[PDB]
Amino acid sequence: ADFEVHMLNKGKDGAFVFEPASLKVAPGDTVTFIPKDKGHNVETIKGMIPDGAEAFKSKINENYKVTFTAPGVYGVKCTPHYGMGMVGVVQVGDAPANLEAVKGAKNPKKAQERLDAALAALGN
Ligand SMILES: [Cu+2]
């Protein structure tokens with residue numbers, strides 16, 4: 001299955017957001033991250049990807065397709081707006097085994113706020 005997540009200058013949750021900020025996909029599914037507004041990218045957050053997963057970082061303004069294979073939770077950020085909380089979570093599969101490692105990772109306050117809310121949306 002193929003999903004899309006947009007990087008936006010604003011949305012419902014304020015400025016500098018991923019929409020949706022939380023998404024659950026099956027292993028093997030793809031997500032295309034779309035900087036619909038200029039000035040955004042997508043990058044894995046250090047400490048917030050499961051075992052077997054690769055870190056990734058898109059170029060600013062590129063639509064970036066990732067095929068998620070390793071089960072677990074993934075925290076992602078927009079590199080330039082990470083300090084203003086421009087983050088999202090992708091959960092791949094059920095019962096993510098890295099949940100306690102993710103929940104422990106260090107983030108800017110505004111990022112941590114939105115990550116916690118995203119994790120919670122997923123029912124974690
Ligand atoms: Cu951005």
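Quick note: numbers below take in every heavy atom, side chains included, and nothing from hydrogens, waters or symmetry partners. Counting begins at 1 with the first residue of the sequence. Order of listing sets the numbers, starting from 1, for every ligand and every atom in it.
The cluster map of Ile, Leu, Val, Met, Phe, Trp and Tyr, joined by side-chain heavy atoms under 4.5 Å apart, puts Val25 and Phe18 in the same cluster.
Side-chain N or O atoms of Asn41 include one that pairs as donor or acceptor with a backbone N or O of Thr79 at under 3.5 Å. At distances below 3.5 Å, at least one donor-acceptor pair connects side-chain atoms of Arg114 with backbone N or O atoms of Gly85.
The Cu ion (ligand 1) has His40 ND1, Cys78 SG, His81 ND1 as its protein N, O or S neighbours under 2.8 Å.
Of the N and O atoms on the side chains of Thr30 and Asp2, at least one donor lies less than 3.5 Å from an acceptor on the other residue. In this structure, a donor-acceptor pair under 3.5 Å is absent between the side chains of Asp37 and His6.
Salt-bridge formation is detected for the pair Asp94/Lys24: a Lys NZ or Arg NE/NH1/NH2 atom is positioned less than 4.0 Å from an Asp or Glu carboxylate oxygen.
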